Structure formats: C-alpha cells, structure tokens
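*Asks:* Experimental coordinates follow, after the sequence.
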Amino acid sequence: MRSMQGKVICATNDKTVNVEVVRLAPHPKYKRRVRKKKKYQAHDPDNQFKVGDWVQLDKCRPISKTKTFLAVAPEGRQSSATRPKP
Amino acid sequence: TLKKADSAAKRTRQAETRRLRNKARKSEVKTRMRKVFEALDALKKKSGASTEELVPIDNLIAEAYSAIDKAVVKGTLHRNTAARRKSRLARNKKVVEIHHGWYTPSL
Amino acid sequence: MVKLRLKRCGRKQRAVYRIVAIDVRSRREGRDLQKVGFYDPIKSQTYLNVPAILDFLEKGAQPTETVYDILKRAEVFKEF
Amino acid sequence: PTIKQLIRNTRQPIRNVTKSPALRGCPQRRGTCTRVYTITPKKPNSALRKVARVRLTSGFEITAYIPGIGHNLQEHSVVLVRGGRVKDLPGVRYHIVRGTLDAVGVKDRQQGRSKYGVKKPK
RNA sequence: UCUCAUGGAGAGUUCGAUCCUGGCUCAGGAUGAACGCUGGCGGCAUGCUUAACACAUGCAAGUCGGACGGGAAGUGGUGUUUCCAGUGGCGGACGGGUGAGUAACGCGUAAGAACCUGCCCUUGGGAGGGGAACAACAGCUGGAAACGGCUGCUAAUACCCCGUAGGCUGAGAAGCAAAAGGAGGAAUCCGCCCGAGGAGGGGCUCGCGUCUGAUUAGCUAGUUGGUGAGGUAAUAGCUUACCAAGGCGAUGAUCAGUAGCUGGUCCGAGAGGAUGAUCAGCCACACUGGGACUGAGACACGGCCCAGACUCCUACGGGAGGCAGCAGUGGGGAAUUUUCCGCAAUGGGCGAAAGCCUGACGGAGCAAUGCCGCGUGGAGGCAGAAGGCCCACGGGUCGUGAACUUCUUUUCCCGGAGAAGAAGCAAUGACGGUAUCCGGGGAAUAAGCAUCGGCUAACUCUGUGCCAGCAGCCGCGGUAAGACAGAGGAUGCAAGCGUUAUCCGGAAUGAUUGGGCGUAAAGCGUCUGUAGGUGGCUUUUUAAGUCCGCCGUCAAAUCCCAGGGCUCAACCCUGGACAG
Ligand SMILES: [Mg+2]
Ligand SMILES: [Mg+2]
Ligand SMILES: [Mg+2]
Ligand SMILES: [Mg+2]
Ligand SMILES: [Mg+2]
Ligand SMILES: [Mg+2]
Ligand SMILES: [Mg+2]
Ligand SMILES: [Mg+2]
Ligand SMILES: [Mg+2]
Ligand SMILES: [Mg+2]
Ligand SMILES: [Mg+2]
Ligand SMILES: [Mg+2]
Ligand SMILES: [Mg+2]
Ligand SMILES: [Mg+2]
Ligand SMILES: [Mg+2]
Ligand SMILES: [Mg+2]
Ligand SMILES: [Mg+2]
Ligand SMILES: [Mg+2]
Ligand SMILES: [Mg+2]
Ligand SMILES: [Mg+2]
Ligand SMILES: [Mg+2]
Ligand SMILES: [Mg+2]
Ligand SMILES: [Mg+2]
Ligand SMILES: [Mg+2]
Ligand SMILES: [Mg+2]
Ligand SMILES: [Mg+2]
Ligand SMILES: [Mg+2]
Ligand SMILES: [Mg+2]
Ligand SMILES: [Mg+2]
Ligand SMILES: [Mg+2]
Ligand SMILES: [Mg+2]
Ligand SMILES: [Mg+2]
Ligand SMILES: [Mg+2]
Ligand SMILES: [Mg+2]
Ligand SMILES: [Mg+2]
Ligand SMILES: [Mg+2]
Ligand SMILES: [Mg+2]
Ligand SMILES: [Mg+2]
Ligand SMILES: [Mg+2]
Ligand SMILES: [Mg+2]
Ligand SMILES: [Mg+2]
Ligand SMILES: [Mg+2]
Ligand SMILES: [Mg+2]
Ligand SMILES: [Mg+2]
Ligand SMILES: [Mg+2]
Ligand SMILES: [Mg+2]
Ligand SMILES: [Mg+2]
Ligand SMILES: [Mg+2]
Ligand SMILES: [Mg+2]
Ligand SMILES: [Mg+2]
Ligand SMILES: [Mg+2]
Ligand SMILES: [Mg+2]
Ligand SMILES: [Mg+2]
Ligand SMILES: [Mg+2]
Ligand SMILES: [Mg+2]
Ligand SMILES: [Mg+2]
Ligand SMILES: [Mg+2]
Ligand SMILES: [Mg+2]
Ligand SMILES: [Mg+2]
Ligand SMILES: [Mg+2]
Ligand SMILES: [Mg+2]
Ligand SMILES: [Mg+2]
Ligand SMILES: [Mg+2]
Ligand SMILES: [Mg+2]
Ligand SMILES: [Mg+2]
Ligand SMILES: [Mg+2]
Ligand SMILES: [Mg+2]
Ligand SMILES: [Mg+2]
Ligand SMILES: [Mg+2]
Ligand SMILES: [Mg+2]
Ligand SMILES: [Mg+2]
Ligand SMILES: [Mg+2]
Ligand SMILES: [Mg+2]
Ligand SMILES: [Mg+2]
Ligand SMILES: [Mg+2]
Ligand SMILES: [Mg+2]
Ligand SMILES: [Mg+2]
Ligand SMILES: [Mg+2]
Ligand SMILES: [Mg+2]
Ligand SMILES: [Mg+2]
C-alpha cells in the first residue's frame, strides 16, 4: 500500500532509527479528527539519516524483533526552496 | 488369540522401529561432521600447506556429504536442512584457508 | 485436493443441493472457493454454469460420483 | 460539552442495578426457611404480615413475603422464591411461590387462581 | 403544490393550589427462559446458560490378500473359495464436543516476503548389479492376569551397499545423491525415483480496528539494537558470546479485574446501545502440568513417555483408565430429551473393483420451548318457558345464547389404495405402508387465562371492618369498599394466558445528532505558563483530509427488493442491490 512518512526522533543506535509517524483519524464516535502518533524501529543501513530528518518509511522482511521497516529517502515534499513572486 | 487395536498398536511399534532408523541416520551426520571440525581446528592452528593437508580433509568432507544426502533421500532430514549442513562445512573449509593464505575474493 | 461436490441445503425431508468447488477437508456444508451448480431430485431441477466447472476441472478439481454423472448428462466431459 | 473533553471519555453510562441481588440472574431460587414470623408494616398501614426468612442455594439469607390467606409453612421447609417488592415492609424484596414444593396452594380461592397455585374446581 | 419521506405518543407521583428542576414507576418489544393455571391437531425449528464436576454399560476409525511370508475353514486334495493375527501401505492431523485459558497479530480487515506442501492435476527423465536382517511360525521358558523372555526360522512395495542423475554444497576446482514391484494370456493398468510447474491447504511479518480500573506510575536487562558463530521448512534475541544503551510510558506503559473473536442476533425514528445459543468461519483446549517421537501435516480427544490427583481389576507379586464423541447414570441446579433406527440420500477413509467402516449425517421418539396454520361448528331459531344476578317490584340482564330444527365433516373413528425422495444397467428406501388420495358413519371427539380505582379497554351487589388481605407506582381497608375475598355481569387475548428473571426502549436520565452550571446538582479563591486544541487578511504551491469516476475485496447463510416451491403462512430456493 501507501508508505508512511514521518520524522526521526532517535538516530543514536547503529543501522537503525526511531521514527515518529503522525496520522489523523476520524474518531469512531465524535466525528472530529485526532492526531495519533506511533513510533517505529526503522532499519537504515549506512546510517545516512540524522535526528530531525523527515523520511519515508517502507516495508520489507523482519530484520530484528522490532525493525520491519526500511528507512527510505523522503518521497515527495514541497520545496522549502524559494520560488519566484509574480 | 485375537488382537484388535490396529491403529494404536501397530502405529506405536512402527514408530519405535522408524525412530531407531532415524536416530542412526542423524548420529551419522553429527559424527562425520565432528571429525571434519577436528581436522579443521588441527589445520587452522598449525602450519601445514593446504595443498597437502586438504586431501585427508576432502576425503572426510566427501564422506560427510555422502552421509548428509543419504539421510535426505532415505528421508530422516528435510532437504533444506541438508543444504545448510553442507554450507556450514564449506564455510569452515573457506575460513581456515584465508588464515593460511590461499584465496580471498574482494570487490 | 479441490473437490466438486454437493452441499446439502433446504429442509427436513426436502433436500436441495448446491454444487460447489471446495477443499476436500472442509465439512460437508463448510466454506468454499466458488459456487457453481444447482441440483435437486424432487423438482427434477438441474443446471450448471460450465465456464467455472471447466476452469476447476482444468486445475485438477476432482468430482464426486453423483456430480461426476451430472456433468456427464450435461456433456462437460466431452468438451474436456 | 467541549468536543475535546468528550474525546477524553467524559460520557459513561450508569449500569443497571438489580432489585433482587439474591437471585443472581434467575427467575426463581429454592431455599429453606430458617424462621417464620410476623412483622408490623410501616405506618400508616397497620396489619400483621406473614414473612419467612429463607436461606437460599446461592448462599444468601433473605426475608420473603408469603401471599394469600393463611399458610402451612414451618421451619426446615423447602420453598421456592421469586422476585418482586412489597412496598410496605422495609427490606422485603422477595415473594414465595405458592403451590410448589413445600407451600401448598391457598385454600378455597376462586379468582386469579394461577397467581396462588390452585387447581380448577370441577 | 412536483420530489422525498412510511418514522420520534405519553401517564401517575413532592404542593393548600401553580410553574419548574429532578428522580422513581408504568404502557412496548425480545428471550436457549423458569414457575402457576389450562391444554385438540398439524407444519418448521429448538432443547445443561449452572459444575472445563464425577463417570457404570454399549457403540463413535479403519481399510488394502492385486506388497508379503505364513495357518485355518472347508473341498478332495494347491481345480474352487473363503476368512485370519503378523510385517508393510495409506488413514487415524479430517469429521465430532466444549469455551476453561487468551486483552494477544488471538479475531476482523488490508497488505507483504524470507517459506512448506502427502493426495489431485500439468510436464521433463528414469528405473542397473547385489547383499543383510526382522516379526510371524517353531522349540524351550516366566507370569493370576496384563503382558512377557531365550534360542532357532523366513518373505516382501520393508532395510543396507555399488553404478548412473538438467539437482544440492561451493568463487571455483571439484564433491555428493535414486529406484518397487503387483495385476493380466499379451495389449495395458495401478504404482515407484528424481527434477520443474499448477491449484488448494498450512507457517510467518506488518498498517488499521479490537473491554473496566490512576484509591494501578514508572516498567524492561536477552530487555532495545550491532557483529561473529550456531538454529529453524523460512525471516527473527529463535539461541549464544562480545559490543553499545537503548525500548515502552500520563494519547495510560506495567500491574490488577473481566472476556473466546467475527459474520450476526435483539432493540432504536435515526445516530447508535446491549449481546455473541442454534447456523457458518477462525482461535484455543482434551483428567491437572511437561516432553518429545512418527509423519507432507501433530507437539496429536478415542497415540507414546513421565510426574501428579482420582477410579477400577488383582491369585497381592502387579496391571487397567480418561464422555468438554452419540446415547446414559450420579451430582449441582429454577431448568434442558431416547442406554432409538439406518448407512437408502449427501460427505468422508481405505480399496483395481467388488465392497467394507462411518453415534459426520440422514431420520424417528420425548417436550406448547418458540414462531406459523387450522379446529373446537354453519344457517335458522315463538320472543314464549326453567334458572342465575340486579331491581325504586314496573322491569332489566345473562341471551339467539342454550334447548330446538336442518346443512357441512377440516379434525376424530372404521376400512381401502398409496408416492417423490434413486443417482440412467437392472437392483438398491432407514424414513413408512408414513405424506397424499377414495369410501363409509356422525354436531358428532375438543376453551381456558388474566383484568375490571388512575395510567388502562371493562361495574354492580353480598361478605368482611386499619382485621383478614391487595399493590407496578400513587396508595386502598376503622359499617353500606367501583382497590380485599365471593357472586353475577363486562373487557382483553386466545391453545394459550399470567407471574418472575434478563436486555434495549420510553430516558433529551451520560445529551455527536440531543442538556446544563446567577438563585434548582454544577465555574477551580486568583493569576503566570508547558503539552494539547482552535486561530485574521491576500496571492501561489502541493494534494494529506475533502470531493467525483473506474477496479479489487468486505465468504455463504441472515436483514432489504423482485420472482418461484411446499394447498397458505412460517420455512426453503434463484437473482440482484443500496448503504458503510
Ligand atoms: Mg528403499
Ligand atoms: Mg427422479
Ligand atoms: Mg428500565
Ligand atoms: Mg417541596
Ligand atoms: Mg398532596
Ligand atoms: Mg426531566
Ligand atoms: Mg412487558
Ligand atoms: Mg400439565
Ligand atoms: Mg457448558
Ligand atoms: Mg466404559
Ligand atoms: Mg459399529
Ligand atoms: Mg479376495
Ligand atoms: Mg476381503
Ligand atoms: Mg496395491
Ligand atoms: Mg487359487
Ligand atoms: Mg488379516
Ligand atoms: Mg481432531
Ligand atoms: Mg474438528
Ligand atoms: Mg452439532
Ligand atoms: Mg492481522
Ligand atoms: Mg494467525
Ligand atoms: Mg493492535
Ligand atoms: Mg505419506
Ligand atoms: Mg535396482
Ligand atoms: Mg549411493
Ligand atoms: Mg489374478
Ligand atoms: Mg503376471
Ligand atoms: Mg464486542
Ligand atoms: Mg548476551
Ligand atoms: Mg473465560
Ligand atoms: Mg431513542
Ligand atoms: Mg452449547
Ligand atoms: Mg460450530
Ligand atoms: Mg470431566
Ligand atoms: Mg520428522
Ligand atoms: Mg494444539
Ligand atoms: Mg487422534
Ligand atoms: Mg472420550
Ligand atoms: Mg454426553
Ligand atoms: Mg438429576
Ligand atoms: Mg437436583
Ligand atoms: Mg446403530
Ligand atoms: Mg453411505
Ligand atoms: Mg458415499
Ligand atoms: Mg478412491
Ligand atoms: Mg442428528
Ligand atoms: Mg404430546
Ligand atoms: Mg406445537
Ligand atoms: Mg403437540
Ligand atoms: Mg409451561
Ligand atoms: Mg424446557
Ligand atoms: Mg348459531
Ligand atoms: Mg360425510
Ligand atoms: Mg433406479
Ligand atoms: Mg374422509
Ligand atoms: Mg376506563
Ligand atoms: Mg386485584
Ligand atoms: Mg413490572
Ligand atoms: Mg365509613
Ligand atoms: Mg353487619
Ligand atoms: Mg360492604
Ligand atoms: Mg341496597
Ligand atoms: Mg375484588
Ligand atoms: Mg366471575
Ligand atoms: Mg439514551
Ligand atoms: Mg451536546
Ligand atoms: Mg437538566
Ligand atoms: Mg440552596
Ligand atoms: Mg448551587
Ligand atoms: Mg469565580
Ligand atoms: Mg485550589
Ligand atoms: Mg494562560
Ligand atoms: Mg503553544
Ligand atoms: Mg495552525
Ligand atoms: Mg483563514
Ligand atoms: Mg453476504
Ligand atoms: Mg417476496
Ligand atoms: Mg406461494
Ligand atoms: Mg440470496
Ligand atoms: Mg463499498
């Protein structure tokens, strides 16, 4: 399906990262949307990603008792690069 | 005399006899593998030239492979378990020879 | 294996079968892969949807005697 | 009131509390009378009411009302009790089914007989 | 005045009256219901919710002589044919029961990638040459039995060896691995070994959804990750050593408490609440705990081993066992059935087939447990008589009601015939001589139960006197009781009618739709401020929400719509779809 985009809370460990993914859900009864946040152990060979990074999160085989997810380069995001002003 | 429990009894006895066959076929493997590991330790530690010492080692290796597969097709083992036993032996045989000096792939 | 057989529906004394493609180890009325034929003795009602039948006979589904001979009457064994 | 506050689970129901805890989810229970005696009703209803104490199978002891006119019940009798409240007598939450087990039917009652456990007269 | 709507009811009770806030109570549905009274029939369903408490008896998994050596029944004999323990072959992992444990990827849904796979299809190649045993049997022997022990003996599709192999190990060099015959007079069939596919059945991983408790606040050290070696059918702290210090947590971790989950069911105008019997899927368990073995598949209900608890047999030395399989017994309990018939149908197992076995299933029996249908008569019947009850004694009312006269016979009774369900060779039916059909009698064989003060439809009189009693709530009852008990009369339902228990409703009474906080319950004593929520205007971008189209799926059964079949209905069957 669609992969999950998030930001990194912890880089400290080797070949891994700890991502936080925020999603909104329409709470079952009261029809307002809510932010629920979940954390993941993402496998990141090469340790390219630092803390604060905004990374896309992908699915693969189990690497550990926790990490199922491949850390993957940010998928599509709006350029924080300045644009013309006509 | 007339005996009726086919299912239970007959299957129980069969289970014994087959069990002993299986035990044999496995013991074989743990054994010949073990001799291989003794030969590999003895070679890893000392200095002989492999070209020479690999002959007894490969007689033992060929034996253990024979035991392995005989026990696959006799069917005490699952083939995919076999593959790992063999790959283990191959790996050790490859480990000692890098210590000594003949072969090292790098790219 | 996959079997094409009858599952018994309807009521006490009045019995009506569906012809179904289902794994041989599920119960007689248990869950199935596909519903195919319809059968019934008393109304003498019988008919089958043949594309499914053939697609299962092709993948190796084995019928049961009654069914076997139903497919016979409807000439599905000739096309095969 | 505030949405954000309801989403913290601010609406919780009051559960349904039974009027006859001693029955434990049953239509009737059987018990043995420990005592059979009279009590006076809360004023201004003056009379003498026929109540027994019954020790039940579910282990409880309760005080059950006995209906109709007159009765044969005495201690170590095995009766059958059912639910329902006598608004007069404080604490009395249970009746005693007449015509079953050790309670006989009311004698000579001609009307609404099923409520008292009496045969039809021929 | 097109389109949508097929839906939302109130009443009593605080006061001398009123208006309000607020509780209690009632009218309605539904049961796996129980109890009381009463009970004619048929149709389809249902039937230990409690003790996952104990179990006497009998039956619930076998089959293959066309793998094989034997011996035992006959026959005249190896021409015929049967049975039978034993080795081997597949099956006993399905089917059947239960809901104890489980707050978990267990379940529902939607994804993934590192796997396995007997039987069934599809396909590529093969099946040389030897040998060794072990039951059975024989002899000796130990045991009450259960079951054993020695020495001999033998066949095989059972074991072992060698040769060859589009496979496996490996960078390679190389190394390593298979077979089984039985039928038939032959053709040929069923098998056997190695690969490579298919479908189905399993194993794992992850998003989402998946009870109450803060008077439970910190929990975790193979714990969270990294490498090296091992292990698994496969990925993985699955294991182990070393290195690092992480992981989870006030959005509720951990701990305690309850609970199998889901299609669904019941209720609701809807939004949603409560629940998870029968029926169908998945999980878990098999006397209480733990192991593995065999095997494609089990950590195996009617298998093994051990420990424990309990029952039985014993000639005292030892053995045997596991109904939460179908019936059945005790026990607990308000409460839940026959130690039934049959493999004829469907489904399974084995077999070349003939066939054998199936307490799955198909049926019967018992029970108003529930839902649906029908009956207990139809038409006429002076307006005269007996009797009950009321009456200002005039009369009223039970009452066209009965009696009475005719018609009809579903049901009842006595005789006859008598199915489909059976499938393409005939044969083969447990149900059953049942369902249905034809004749003969004859109103003939069949109405109870609640209520009658308000809510709530239906009223008077005799008997009682704060007594006996009633009651869902208000409250009735101290001499004329429309509220007690009886009578007559009426009203409601009807083979059922009531009472109790349970759940939703009404309840806008936990409120999103849908309430409140000056005085009725309710604004922290007041600020500052962290997380969190919401946040002015204009242009652009993006497209997460949002919207529209198309596809996949959300099993079948159920609910909804449209037809069809049992004489109708309930019930069954076909087709299709909104929601979400
Ligand atoms: Mg062999
Ligand atoms: Mg026919
Ligand atoms: Mg209520
Ligand atoms: Mg007041
Ligand atoms: Mg008043
Ligand atoms: Mg109110
Ligand atoms: Mg009611
Ligand atoms: Mg009776
Ligand atoms: Mg039970
Ligand atoms: Mg027994
Ligand atoms: Mg039998
Ligand atoms: Mg024969
Ligand atoms: Mg035979
Ligand atoms: Mg054979
Ligand atoms: Mg012969
Ligand atoms: Mg035999
Ligand atoms: Mg089983
Ligand atoms: Mg089962
Ligand atoms: Mg059943
Ligand atoms: Mg899941
Ligand atoms: Mg699972
Ligand atoms: Mg979850
Ligand atoms: Mg096998
Ligand atoms: Mg050969
Ligand atoms: Mg060889
Ligand atoms: Mg022959
Ligand atoms: Mg021959
Ligand atoms: Mg639930
Ligand atoms: Mg360690
Ligand atoms: Mg439980
Ligand atoms: Mg409502
Ligand atoms: Mg049950
Ligand atoms: Mg079931
Ligand atoms: Mg038990
Ligand atoms: Mg094995
Ligand atoms: Mg298990
Ligand atoms: Mg078993
Ligand atoms: Mg058993
Ligand atoms: Mg039983
Ligand atoms: Mg009993
Ligand atoms: Mg009892
Ligand atoms: Mg029988
Ligand atoms: Mg059969
Ligand atoms: Mg059959
Ligand atoms: Mg077969
Ligand atoms: Mg049955
Ligand atoms: Mg009867
Ligand atoms: Mg009935
Ligand atoms: Mg009946
Ligand atoms: Mg009854
Ligand atoms: Mg009952
Ligand atoms: Mg008449
Ligand atoms: Mg007639
Ligand atoms: Mg025929
Ligand atoms: Mg007739
Ligand atoms: Mg009225
Ligand atoms: Mg009354
Ligand atoms: Mg009530
Ligand atoms: Mg007076
Ligand atoms: Mg007087
Ligand atoms: Mg009076
Ligand atoms: Mg008078
Ligand atoms: Mg009265
Ligand atoms: Mg009367
Ligand atoms: Mg409500
Ligand atoms: Mg509101
Ligand atoms: Mg209010
Ligand atoms: Mg005040
Ligand atoms: Mg106040
Ligand atoms: Mg203030
Ligand atoms: Mg304060
Ligand atoms: Mg502030
Ligand atoms: Mg802020
Ligand atoms: Mg903002
Ligand atoms: Mg704005
Ligand atoms: Mg469906
Ligand atoms: Mg219709
Ligand atoms: Mg019709
Ligand atoms: Mg349908
Ligand atoms: Mg949809």
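*Replies:* All right, it came through fine. Numbering: from 1, shown residues only, chains lettered A, B, ... in the order given. Ligands and ions are numbered 1, 2, ... in the order given.
*Asks:* only C-alpha atoms for contact and neighbour calcs from this point on.
*Replies:* Noted.
*Asks:* if I look at the spatially most central residue of chain D, how far off is residue D:117?
*Replies:* Centroid-nearest residue in chain D, with CA atoms, centre = their mean: residue D:94, separated by 1.2 Å. Applying CA to CA, to the nearest Å, the value for residue D:94 to residue D:117 is 17 Å.
*Asks:* And RNA strand E, is stretch B:100-107 touching that?
*Replies:* Yes - using CA under 7 Å from any atom of the strand, a contact is recorded between stretch B:100-107 and RNA strand E, made by residue B:103.
*Asks:* Can you list the buried residues in that stretch?
*Replies:* Neighbour counts using 16 or more other CA atoms under 10 Å in any protein chain shown place residue B:100 of stretch B:100-107 among the buried residues.
*Asks:* which outside residues touch it?
*Replies:* The contact list for stretch B:100-107 (CA atoms under 8 Å, 6 or more residues apart in numbering or on different chains) reads B:44, B:47, B:49, B:50, B:97, B:98.
*Asks:* which ones among the residues you listed are found in strands?
*Replies:* Among the contacts of stretch B:100-107, no member is found in strands (DSSP state E).
*Asks:* Could you dump these into CSV and include neighbour count and distance to chain A?
*Replies:* Below are those laid out as CSV (neighbours: other CA atoms under 10 Å in any protein chain shown; distance: CA to the nearest CA, whole Å):
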residue, neighbour count, distance to chain A
B:44, 19, 33
B:47, 9, 38
B:49, 13, 39
B:50, 16, 37
B:97, 18, 30
B:98, 12, 27
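*Asks:* Could you take the residues you listed and lay them out as a markdown table, with extra columns for distance to residue D:101?
*Replies:* Formatted as a markdown table, those follow (distance: CA to CA, whole Å):
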| residue | distance to residue D:101 |
| --- | --- |
| B:44 | 93 |
| B:47 | 101 |
| B:49 | 103 |
| B:50 | 100 |
| B:97 | 95 |
| B:98 | 95 |
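*Asks:* got the residues of chain A near RNA strand E?
*Replies:* Going by CA under 7 Å from any atom of the strand, the residues of chain A near RNA strand E are A:1, A:10, A:12-16, A:18, A:29-31, A:33-41, A:43, A:59-68, A:77-78.
*Asks:* Just the buried ones from those residues?
*Replies:* A:10, A:16, A:18, A:40, A:41, A:43, A:59, A:67, A:68.
*Asks:* which residues sit in contact with residue 11?
*Replies:* Since no chain was named, I'll use chain A. Residue A:11 neighbours (CA under 8 Å, 6+ apart): A:17, A:18, A:49, A:50, A:51.
*Asks:* one step back: of the buried ones among the residues of chain A next to RNA strand E, which belong to strands?
*Replies:* A:10, A:16, A:18, A:40, A:41, A:43, A:59.
*Asks:* From what I see, the fifth one and residue A:69 are in contact.
*Replies:* Yes - the pair formed by residue A:41 and residue A:69 meets the contact definition of CA atoms under 8 Å, at 7.1 Å.
*Asks:* Where do the strands of chain D begin and end?
*Replies:* Under DSSP E, chain D gives strands at D:28-39, D:49-56, D:61-65, D:78-82, D:94-96.
*Asks:* show me the residues around residue A:63 that make contact.
*Replies:* Counting by CA under 8 Å, 6+ apart, the residues that residue A:63 touches are residue A:43.
*Asks:* Point to the residue nearest the middle of chain B.
*Replies:* residue B:29 (3.6 Å).
*Asks:* Next: chain C.
*Replies:* Centre-nearest of chain C using CA atoms, centre = their mean is residue C:19, 2.7 Å out.
*Asks:* Doesn't that residue belong to a helix?
*Replies:* No - secondary structure of residue C:19 (DSSP: H, G, I helix; E, B strand; the rest coil): strand, not part of a helix.
*Asks:* That one and residue C:55: what is the separation?
*Replies:* 14 Å.
*Asks:* can you check residue B:38 too?
*Replies:* 59 Å.
*Asks:* hmm, back to that, for the closest residue in space to the residue nearest to the centre of chain C that isn't next to it in sequence, give me its contacts.
*Replies:* Ranked by CA to CA, 6 or more residues apart in numbering or on different chains and with sequence neighbours excluded, the top spatial neighbour of residue C:19 is residue C:37, at 4.3 Å. Applying CA under 8 Å, 6+ apart to residue C:37 gives the contacts C:18, C:19, C:20, C:47, C:48, C:49.
*Asks:* could those residues go into TSV alongside distance to residue D:6?
*Replies:* Listed next are the contacts of residue C:37 as TSV, based on distance: CA to CA, whole Å:
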residue	distance to residue D:6
C:18	52
C:19	53
C:20	51
C:47	58
C:48	57
C:49	55
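*Asks:* Can you show me the helices along chain C?
*Replies:* Using DSSP state H, the helices of chain C run over C:50-58, C:65-73, C:76-79.
*Asks:* Please produce CSV containing those helices, extended by distance to chain A.
*Replies:* Shown next, in CSV, are those (distance: least, CA to the nearest CA, whole Å):
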stretch, distance to chain A
helix C:50-58, 31
helix C:65-73, 42
helix C:76-79, 42
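*Asks:* Format these as a markdown table; extra columns: distance to residue B:81 and mean neighbour count.
*Replies:* What follows is the helices of chain C, written out as a markdown table (distance: least, CA to CA, whole Å; neighbours: other CA atoms under 10 Å in any protein chain shown):
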| stretch | distance to residue B:81 | mean neighbour count |
| --- | --- | --- |
| helix C:50-58 | 35 | 15 |
| helix C:65-73 | 42 | 14 |
| helix C:76-79 | 44 | 11 |
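*Asks:* returning to that earlier point: pull out the buried members of the contacts of residue C:37.
*Replies:* C:18, C:19, C:20, C:48.
*Asks:* next one: phi and psi at residue B:18?
*Replies:* When quoted as degrees, to the nearest 10, the phi and psi of residue B:18 stand at phi -60, psi -40.
*Asks:* neighbours of it, just the number please.
*Replies:* 12 (other CA atoms under 10 Å in any protein chain shown).
*Asks:* ok, residue A:4 touching residue A:59?
*Replies:* No - the criterion here is CA under 8 Å, and residue A:4 misses it with residue A:59 at 9.4 Å.
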